[PDB]
Structure formats: C-alpha cells, structure tokens
A.B. asks: 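Mind having a look at this structure? Questions to follow.
Numbering of residues begins at 1 and proceeds along the displayed sequence. Excluded from the calculations below are hydrogen atoms, water molecules and symmetry mates; all remaining heavy atoms, backbone and side chain alike, are included. In each ligand, atom 1 is the first atom listed, and ligand 1 is the first ligand listed.
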Amino acid sequence: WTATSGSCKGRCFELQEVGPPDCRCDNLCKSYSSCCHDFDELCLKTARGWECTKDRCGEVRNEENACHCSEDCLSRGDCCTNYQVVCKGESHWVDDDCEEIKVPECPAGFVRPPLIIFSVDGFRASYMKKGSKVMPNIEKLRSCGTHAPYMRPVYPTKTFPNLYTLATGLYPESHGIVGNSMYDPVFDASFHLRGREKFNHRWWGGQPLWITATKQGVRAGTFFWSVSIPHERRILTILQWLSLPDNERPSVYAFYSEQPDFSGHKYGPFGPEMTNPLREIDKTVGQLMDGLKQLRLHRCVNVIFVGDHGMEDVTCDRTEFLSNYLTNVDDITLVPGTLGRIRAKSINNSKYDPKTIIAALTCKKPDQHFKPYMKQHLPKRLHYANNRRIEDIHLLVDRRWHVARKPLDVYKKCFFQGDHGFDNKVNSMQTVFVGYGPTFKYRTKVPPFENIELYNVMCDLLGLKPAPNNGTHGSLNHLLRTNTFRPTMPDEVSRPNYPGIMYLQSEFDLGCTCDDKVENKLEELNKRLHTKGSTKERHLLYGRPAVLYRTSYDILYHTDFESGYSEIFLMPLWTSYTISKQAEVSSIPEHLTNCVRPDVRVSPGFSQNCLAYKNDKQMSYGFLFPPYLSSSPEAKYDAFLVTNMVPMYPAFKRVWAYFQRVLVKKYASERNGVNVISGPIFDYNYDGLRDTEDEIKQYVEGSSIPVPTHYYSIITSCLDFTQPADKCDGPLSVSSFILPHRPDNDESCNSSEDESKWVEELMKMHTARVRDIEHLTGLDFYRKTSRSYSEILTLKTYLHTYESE
Ligand SMILES: *[C@@H]1O[C@H](CO)[C@@H](O[C@@H]2O[C@H](CO)[C@@H](O[C@@H]3O[C@H](CO)[C@@H](O)[C@H](O)[C@@H]3O)[C@H](O)[C@H]2NC(C)=O)[C@H](O)[C@H]1NC(C)=O
Ligand SMILES: O=C(/C=C/c1ccc(OC(F)(F)F)cc1)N1C[C@@H]2CN(C(=O)c3ccc4[nH]nnc4c3)C[C@H]2C1
Ligand SMILES: [Ca+2]
Ligand SMILES: [Ca+2]
Ligand SMILES: [Zn+2]
Ligand SMILES: [Zn+2]
C-alpha cells in the first residue's frame with residue numbers, strides 16, 4: 001500500500017528515500033508506482049519546453065515553466081541550459097576551444113571536484129569514430145580529455161550485469177547480477193526486467209559506488225531514473241542538485257540514457273535510423289556542459305562518458321533451436337538469446353542428465369552456431385562460474401546468432417535487427433570510455449581496458465577507499481593527472497629452499513628408466529655452474545615470481561630453464577625459460593622417448609613416479625620446459641628430469657606438444673625472442689582462485705600426484721621488437737593463456753584434423769591476463785624489472801584478444 005495523498009510540494013527529486021506507505025518524490029517513485037498525487041504537476045513540468053528563446057529573456061518568473069529565462073534563474077539554479085547563450089551573449093561549451101584544465105577551478109565551498117557519470121546504453125565503441133560528425137559535444141570530450149579506443153565490458157554483455165560491474169568493480173559471478181533474467185535456487189525466486197522481485201536487495205551483492213560514497217561521508221545523487229522522466233529533466237535535476245548548499249549538495253551523480261541501445265535493437269548497430277539517436281545523445285551532453293558552464297563548473301567537474309556494452313547485427317532468421325538437437329526438449333528450461341543457460345525443468349525428474357544434453361549439443365551440425373560448455377570449462381577470462389545463479393550448462397553463441405528452445409518461442413512471443421550479450425572479447429560488443437576534467441589527463445589516449453577497473457578510479461576521483469573488488473588498483477593510474485594510488489608489491493610469504501645434490505640414484509624407486517649412462521674438468525665445472533644458477537639471468541628475466549601463500553618449495557636451476565618446484569604438489573608451480581629468435585627446434589631422440597630421470601636434488605618422497613603413469617590408463621605425462629628447445633644434446637637431459645614432469649591426458653598432450661614444438665618457436669621468430677613462464681593450475685571449485693591441498697578432486701591413480709584443471713603460459717617480450725627479449729630497455733609486451741586440461745578435445749570440432757588447423761584457435765579462445773593467472777596460482781610475477789609498478793600493473797591486466805581492428 002501507498003498513501004499517495006501526501007504532497008511533493010518542495011520535495012521534487014528529494015535525495016533521501018521515504019519508505020511505505022508514505023508517497024515518494026524521488027527519481028524512482030514511478031518505477032514503484034508510489035509517487036505523491038502531485039508529482040507530475042510539480043516535479044515533471046514541461047511548459048514551454050527546454051530552451052530559452054530571445055523573447056523569454058528577462059521574463060517575469062512563472063513557476064509553471066519547465067525551466068526559466070528570468071533574471072533570478074541563476075540564483076535559483078533553474079535556468080534552461082541554454083539561458084546564458086540566448087540571453088547573455090555567451091557561447092555554447094562546444095564552440096569554445098579546449099584549454100587544458102591544469103588545476104581544478106571550482107566555486108568557493110566545493111570541498112572536492114564533483115564526479116558526474118554519463119552512462120549510455122548500447123554505445124558501441126566504433127560509434128566514437130563512425131558517428132563523430134554528428135556528435136560534436138562528445139567528440140570534444142573525447143579529443144580534449146582522456147579517452148580509450150574502446151572499453152571491454154564483462155560477460156554476459158547485457159545491461160544489468162555491466163552497469164552493476166561498473167558500479168562495484170566486481171565480476172557478475174561476485175556481485176550476483178549474472179544476467180538480465182535469473183533464477184536463484186536457494187531463494188527459489190526469479191529476477192526479471194519486468195516486475196518487483198528485482199528491487200529486492202538480496203539480489204545485489206558487493207558495494208556499489210553510491211553506498212561506498214555515503215558510508216565514507218560523501219553525498220551521492222540517486223543513480224537510477226524512471227524511464228518516463230525525459231532526458232532534459234534528468235539533466236536539469238543534476239544541475240539543480242549542484243546548486244544546493246554545500247552541506248546538502250552531493251559530490252557524485254549519474255545520468256543514464258536508454259539510447260542508443262533502444263534504437264540499435266530495432267535497426268541494427270549501423271542502421272540509417274541510428275543517426276538521430278546519436279545526435280540526440282550529443283545534444284543531451286551539450287545541455288549538461290552548457291549547464292555546467294552557467295554554474296561555473298565546466299572546469300571543476302570530472303565527467304565520465306561511459307557505455308555498458310556494444311551492439312551486433314542479429315535477426316530472427318539467425319536462430320539455432322534446441323529442438324533440432326534434443327529428444328527431451330520439454331524436460332529443460334532454457335534462458336535464451338545471445339547466450340544460453342540450461343537447467344532441468346523439474347527437480348523431481350531423475351532421468352535428467354547434463355552429460356547426455358551436453359553430448360547431444362556437441363559438434364552436431366557442420367555450421368553449428370553455438371558451443372555448449374559445463375560452466376567450469378568456460379574460458380577462465382570470462383570469470384563466469386562461481387555463482388549458484390549461473391546454470392551448470394552454458395551455450396556460447398556465435399556473434400550475430402541466437403539460441404532458442406523451439407521455433408514457436410521466436411515467432412509466438414522479424415521484430416529486431418540488433419542484439420548483444422555475446423563473449424566480451426567480440427569487437428561489436430566493445431564499448432566506450434572518455435574521462436574529462438581537472439583530474440583526468442589532457443588530450444591523452446590510453447589503451448583499451450576492462451570496465452571492472454573503473455570503480456577504483458571513481459573512488460580515487462572522490463577520495464574514497466574502494467570496497468574489495470576485481471579491479472587492480474593502480475593499473476589505470478595513467479588515466480589520471482593527480483589522485484593516483486601508489487600501491488606496494490605484496491610481500492612474499494614463502495621463501496624457497498635452494499637444494500644441492502642430496503640423493504644417490506639407488507635411493508629412488510620410481511619405476512622410471514632412461515638411456516643416459518652414455519658417458520672431464522672442462523665441461524663438468526661448467527655444468528655444475530649451471531645447476532648453481534649461472535644462466536639464471538637469461539631464463540628468469542623479471543625476477544623469481546613471489547609465492548604469496550604458505551608452502552614448501554625448491555628453486556631448481558638448469559642450463560636452459562629455472563623452476564620453483566612444489567614438494568606439496570610434487571611438480572613445479574612455475575617453469576621459466578627464454579627462447580631467442582635464433583633458437584632451434586630439435587626432436588626427442590629415439591633413445592630418450594620414454595626417458596624420465598630422478599632429480600638428485602629432491603627426495604624420493606617428494607618426487608613423482610613413473611609407475612603411477614603406467615597404471616593410470618587415462619593419464620599420460622608432459623614436460624613444462626620442452627625438450628624440443630634444448631640448447632644442446634647434453635642440456636636436453638635436464639628436460640627429462642622427474643621434477644620437470646606434469647600429468648597430462650593424452651588428448652591434452654596433442655595440444656601441449658604442438659604449443660611446445662611449433663608455436664613457441666613461431667612466437668620467438670615473430671617477437672624477437674620470448675620469455676616463457678609455464679605451470680599448472682588447480683581450480684576444482686571454479687572460483688578463479690588457487691585450490692589448497694585439501695581441495696584437489698583428482699590424482700593420478702594410486703598416488704598423491706594431483707591433476708591440474710588447467711595449464712597456463714605467460715609469454716613476454718620487448719614492446720620494441722627491434723630489441724631481443726633478453727636485452728629489452730623499455731616497456732614489455734605479453735600474451736598468456738589458461739588452457740583447460742581436458743581428457744578429450746570435444747571443444748574443438750575440427751580436432752581430428754592436424755594440430756595446425758585447430759590448436760592455436762583453442763589457445764586464442766583461452767587467452768588470459770597475467771592477473772588471471774595470479775589469482776589462480778597465488779604467484780606474483782614481474783617483481784624485478786626496470787619498469788614503474790603502475791606500468792607493470794597495467795601490463796598484468798592486459799589481455800591479448802586476437803580480434804581485428
Ligand atoms: C573478486 O573480488 C571479490 C571481492 O574481494 C572476491 O570475492 C571475495 O572472495 C572471498 C573468497 O572467496 C570471500 O571471502 C569469504 O567471505 C565469507 C564471509 O562473507 C566467508 O564465509 C568466507 O570464509 C570467506 O572469507 C568474499 O566473501 C568475497 N566477496 C565478494 C563481495 O564476493 C573474489 O574472489 C574476486 N574474484 C577473483 C577471481 O579474484
Ligand atoms: O537507471 C538505470 C541505470 C542507471 C545507472 C547509472 C549508473 C550506474 O553505475 C555506474 F554509474 F557506475 F555506471 C548504474 C546504473 N536503469 C538501467 C536499466 C536498463 N533498463 C532497460 O529497460 C533495458 C535497457 C537496455 C536493454 N537491452 N536489452 N534489454 C534491455 C533493458 C531500465 C534501465 C534503468
Ligand atoms: Ca579454487
Ligand atoms: Ca573434437
Ligand atoms: Zn545495456
Ligand atoms: Zn539492449
């Protein structure tokens with residue numbers, strides 16, 4: 001019940017919320033159907049429209065007007081945004097040359113530059129260049145302030161997940177808004193765009209910017225706007241709030257436009273109908289900037305122009321139907337569209353089996369436009385598994401396509417030419433970032449970055465301490481003139497042992513053999529130096545990674561590579577090696593095919609054994625430093641050490657061997673040497689975080705050898721590729737992957753073909769940030785470089801997307 005008989009008199013767009021049954025007058029009262037009776041009349045005036053004209057200048061104040069052109073309007077803070085232009089011979093903000101804002105220029109009583117977030121729905125990244133002719137205001141923001149060529153959204157590239165990621169710095173698996181539509185099995189409740197369940201606070205996790213602000217004593221405008229409130233009124237309300245007394249005035253604000261998303265769904269991302277809504281958005285931006293100018297805040301306020309996701313060409317005819325795949329289609333519930341999520345229709349149905357669903361959805365048609373996944377097999381970069389609201393079964397839909405359950409869902413629900421939601425590395429899904437103001441840099445282009453990073457910056461812009469989030473605080477310091485956050489490297493928790501020769505051959509009973517008894521002060525002194533670390537500066541280029549948890553491990557040195565070997569997991573945590581442009585690939589010689597060698601630096605009790613691989617009919621082994629890249633026939637023996645061995649399914653070895661034999665050398669050729677760090681990942685609970693010892697769900701049969709869920713590699717070289725990777729003076733260039741360690745290649749539909757036709761494609765799908773790997777291993781990389789820490793943080797957040805321009 002709402003007792004709507006109260007009044008909005010002097011409360012229009014009030015900031016504190018009144019709970020039921022008291023009628024409300026805030027910017028969301030319409031969405032709750034709870035506004036006071038006189039809200040429209042008093043708060044939503046439209047008389048005479050939104051622009052001053054010559055004949056209105058100096059008019060007698062008339063309180064019925066939507067905005068004012070009388071002399072008192074400035075003191076009142078309620079002039080039309082073009083008032084001074086029309087009546088006082090002032091210029092529009094867009095017609096002024098831009099002039100660096102070297103220091104904040106704010107009216108007295110402003111404790112800090114205010115932040116205004118101008119969010120635009122479905123604003124595709126390429127609109128900045130392609131629509132630049134009809135967007136003069138936005139183009140000036142872009143060219144004069146700080147801009148990125150694009151900003152990467154989070155998956156799924158839908159509205160609620162991304163707007164709430166913006167606000168919180170969190171992955172949707174953490175903040176809880178994992179789609180526009182959701183079922184939560186613990187609540188037994190559904191979240192929908194349509195209806196009232198979505199206003200329930202239980203859905204919304206983490207701590208969004210407005211709460212972070214309020215709690216730390218910084219007032220916030222309310223971020224959300226009921227749809228029916230026109231854009232002009234949104235803008236006039238922000239402007240009015242900004243003329244409140246110092247004690248009452250908020251320091252952070254949000255505007256939101258439904259455009260250009262709304263039209264992009266109807267007309268496609270580039271439909272000729274799309275010009276108008278881009279023009280209209282620009283006009284709205286111009287209104288705000290003119291309004292700030294009038295208030296003397298245009299060189300005081302930080303403005304963020306930001307979008308939530310892009311828009312792709314999608315039409316009804318490009319739909320795949322689960323009914324052409326499954327016998328049991330009526331036994332499932334599908335969340336449909338640009339992504340698919342599948343659960344049982346009834347929890348009482350015991351003939352439901354994900355295994356059979358997955359298989360009936362796997363590589364069934366030549367042209368198949370979606371790929372099914374158990375959520376834990378989704379690329380780790382998507383960070384989309386650790387929430388009960390995400391269904392075990394997921395369908396990754398090709399750009400341009402939909403998935404539905406049955407044809408009747410599509411014609412009985414073309415009506416549309418655009419949509420979004422696809423994989424967040426897809427070009428058409430990328431979106432915009434522009435920062436403009438005293439705290440942002442001047443005419444500066446920054447590289448593309450992820451929207452999860454903005455919350456930290458918005459907090460920095462407001463002098464707030466961010467709630468714990470998935471951004472890497474400091475990685476966006478290069479966007480900022482001042483207010484930087486100067487982080488320190490985490491402290492190493494475990495220090496390595498450095499074992500020498502401690503065991504005789506006969507002490508080992510591992511069931512391994514190697515043809516190495518084929519036997520000198522010249523080279524023996526030299527090869528002892530190798531074991532002691534004489535080549536370590538070549539292969540360990542950016543210092544040893546730090547171990548950020550409590551564990552027991554050894555550093556092991558070799559001619560061609562260096563490792564940190566876990567006595568707890570019985571295999572390296574990381575293996576590091578450098579491959580120069582000139583390095584040469586060799587084969588594994590015949591007499592060494594099955595060679596595995598005890599490591600006399602490491603006890604039998606802390607070693608793997610070959611017997612367990614003999615007995616485990618499912619499991620084979622690979623090596624982290626590849627024997628194919630040994631610097632000499634003698635050095636090659638090191639690569640067959642039991643301490644370089646890791647468990648690998650035969651199907652995964654097809655992948656790994658092709659990476660080691662062909663691709664590493666290729667990257668070394670193309671990039672002028674590369675430094676490689678490889679190792680295992682254990683994430684059995686799919687939380688994006690390293691598993692402890694008591695969380696391992698699978699061992700090589702009979703043994704305590706744990707089976708990795710993933711293998712990673714970090715491939716670093718010189719950004720200035722005219723310098724070799726091992727003699728690089730300046731910035732670095734990195735690409736990484738986290739490959740799922742799977743017993744089959746079902747994910748790659750072309751895998752019966754030669755590795756050259758499908759392995760690199762898999763690795764690109766599984767591209768990762770160094771940061772992703774850090775979360776999964778508890779290691780901290782790049783600890784000793786000549787680069788500043790913020791630059792290193794930026795590098796650690798970089799993702800190599802292999803998407804074209
Ligand atoms: C992304 O950032 C968030 C925020 O730091 C990380 O989520 C947080 O992760 C930890 C460990 O899973 C959670 O700690 C747990 O808290 C509860 C008490 O609420 C307690 O029962 C547990 O014993 C544990 O201490 C924390 O709740 C969680 N917070 C949120 C807001 O989700 C997340 O791990 C980050 N993701 C990645 C991949 O780095
Ligand atoms: O008032 C807000 C958000 C303000 C805000 C500002 C800053 C925020 O955080 C930031 F400032 F940090 F960005 C967060 C929210 N909203 C967002 C809601 C989207 N919506 C749709 O009907 C809709 C739109 C596109 C679609 N495509 N497909 N289905 C779609 C459905 C209703 C809108 C009300
Ligand atoms: Ca884990
Ligand atoms: Ca296959
Ligand atoms: Zn959206
Ligand atoms: Zn949309």
A.B. asks: Let me know which of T157, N451, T431 forms a side chain to side chain donor-acceptor pair (under 3.5 Å) with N162.
C.D. replies: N451
A.B. asks: Among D687, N470, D772, find the residue that satisfies the side chain to side chain donor-acceptor pair (under 3.5 Å) test when tested with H383.
C.D. replies: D772
A.B. asks: Angle class for the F223/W210 ring planes (parallel below 30°, perpendicular above 60°, tilted otherwise)?
C.D. replies: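 Judged by the thresholds at 30° and 60°, the geometry between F223 and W210 is tilted.
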A.B. asks: Which ligand 1 atoms does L170 reach within 4.0 Å, using its non-hydrogen atoms?
C.D. replies: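 This gives 2 (O), 3 (C), 4 (C) as the contact atoms.
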A.B. asks: Can you confirm whether something in the protein, heavy atoms only, sits under 4.0 Å from atom 24 (C) of ligand 1?
C.D. replies: no
A.B. asks: Atom 27 (O) of ligand 1: protein heavy atom closer than 4.0 Å?
C.D. replies: no
A.B. asks: Taking 2.8 Å as the cut-off, does an N/O/S atom of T159 lie below it from the Zn ion (ligand 5)?
C.D. replies: yes
A.B. asks: Regarding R783 and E774, does a basic nitrogen lie under 4.0 Å from an acidic carboxylate oxygen?
C.D. replies: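 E774 and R783: not salt-bridged.
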A.B. asks: Does the protein place a non-hydrogen atom closer than 4.0 angstrom to atom 17 (C) of ligand 1?
C.D. replies: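 Protein heavy atoms within 4.0 Å of atom 17 (C) of ligand 1 - there are none.
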A.B. asks: So, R399 and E803, do they make that salt bridge, N to O below 4.0 Å?
C.D. replies: yes
A.B. asks: If you count the atoms of ligand 1 from 1 in the order shown, which ones are under 4.0 Å from a heavy atom of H775?
C.D. replies: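 Near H775, the atoms of ligand 1 are 39 (O).
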A.B. asks: Could you tell me whether atom 1 (C) of ligand 1 has a protein heavy atom closer than 4.0 Å?
C.D. replies: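 Yes, because at least one protein heavy atom sits under 4.0 Å from atom 1 (C) of ligand 1.
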A.B. asks: Which is the closest N/O/S atom of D121 when seen from the Zn ion (ligand 5)?
C.D. replies: OD1
A.B. asks: Let me check your reading of the structure: within less than 3.0 Å of the Ca ion (ligand 3), is there an N/O/S atom from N685?
C.D. replies: yes
A.B. asks: Does NZ or CZ of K796 come closer than 6.0 Å to the centre of the six-membered ring of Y782, within 45° of the ring's axis?
C.D. replies: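 Judged by the rule, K796 and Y782 form no cation-pi pair.
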A.B. asks: Does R486 offer a backbone N or O that forms a donor-acceptor pair with the side chain of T484 under 3.5 Å?
C.D. replies: no
A.B. asks: Should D683 and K380 count as an ion pair when the cut-off is N to O under 4.0 Å?
C.D. replies: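 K380 and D683: salt-bridged.
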A.B. asks: Does the protein put a heavy atom less than 4.0 Å from atom 14 (O) of ligand 1?
C.D. replies: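 Flag for atom 14 (O) of ligand 1 set to false, no protein heavy atom closer than 4.0 Å.
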A.B. asks: Decide yes or no for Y373 and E747: does some side-chain heavy atom of the first lie under 4.5 Å from some side-chain heavy atom of the second?
C.D. replies: yes
A.B. asks: Taking the cut-offs as 6.0 angstrom to the six-membered ring centre and 45 degrees off its axis, would you call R388 and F187 a cation-pi pair?
C.D. replies: yes
A.B. asks: Over 60° means perpendicular and under 30° means parallel, so tell me whether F569 and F682 are parallel, tilted or perpendicular.
C.D. replies: tilted
A.B. asks: Nearest protein heavy-atom contact for atom 32 (O) of ligand 1: which residue, which atom, what distance?
C.D. replies: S174 CB, 3.8 Å
A.B. asks: Of all N/O/S atoms in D683, which lies nearest to the Ca ion (ligand 3)?
C.D. replies: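 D683's closest N, O or S atom to the Ca ion (ligand 3) is named OD1.
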A.B. asks: Could you label the plane-to-plane angle of the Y127 and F123 rings as parallel, tilted or perpendicular, counting under 30° as parallel and over 60° as perpendicular?
C.D. replies: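 Ring orientation, 0 to 90° scale: perpendicular.
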A.B. asks: Looking only at protein heavy atoms, which one is nearest to atom 37 (C) of ligand 1, and how far off is it?
C.D. replies: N470 ND2, 3.6 Å
A.B. asks: Does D687 bring an N, O or S atom to within less than 3.0 Å of the Ca ion (ligand 3)?
C.D. replies: yes
A.B. asks: Counting backbone and side-chain atoms alike, does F682 have an N/O/S atom under 3.0 Å from the Ca ion (ligand 3)?
C.D. replies: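 Short answer: no, not a single N, O or S atom is under the cut-off.
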A.B. asks: Nearest N/O/S atom of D308 with respect to the Zn ion (ligand 5), by atom name, please.
C.D. replies: OD2
A.B. asks: From atom 9 (O) of ligand 1, is the closest protein heavy-atom distance below 4.0 Å?
C.D. replies: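 It does not: no protein heavy atom is found less than 4.0 Å away from atom 9 (O) of ligand 1.
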A.B. asks: Could you tell me whether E232 and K283 have a side-chain N and a carboxylate O separated by less than 4.0 Å?
C.D. replies: no
A.B. asks: Do you know which N/O/S atom name in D691 is closest to the Ca ion (ligand 3)?
C.D. replies: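 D691's closest N, O or S atom to the Ca ion (ligand 3) is named OD1.
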A.B. asks: Would you say the Zn ion (ligand 5) has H420 as a near neighbour, meaning an N/O/S atom of that residue under 2.8 Å away?
C.D. replies: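 Not a single backbone or side-chain N, O or S atom of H420 is under 2.8 Å from the Zn ion (ligand 5).
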A.B. asks: Any protein heavy atom sitting closer than 4.0 Å to atom 34 (O) of ligand 1?
C.D. replies: yes
A.B. asks: What residue and atom, counting heavy atoms only, is the protein's closest point to atom 12 (O) of ligand 1, and at what distance?
C.D. replies: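 Of every protein heavy atom, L689 CD1, 4.1 Å lies nearest to atom 12 (O) of ligand 1.
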A.B. asks: For atom 4 (C) of ligand 1, state whether the nearest protein heavy atom is under 4.0 Å away.
C.D. replies: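 Yes, there is a protein heavy atom closer to it than 4.0 Å.
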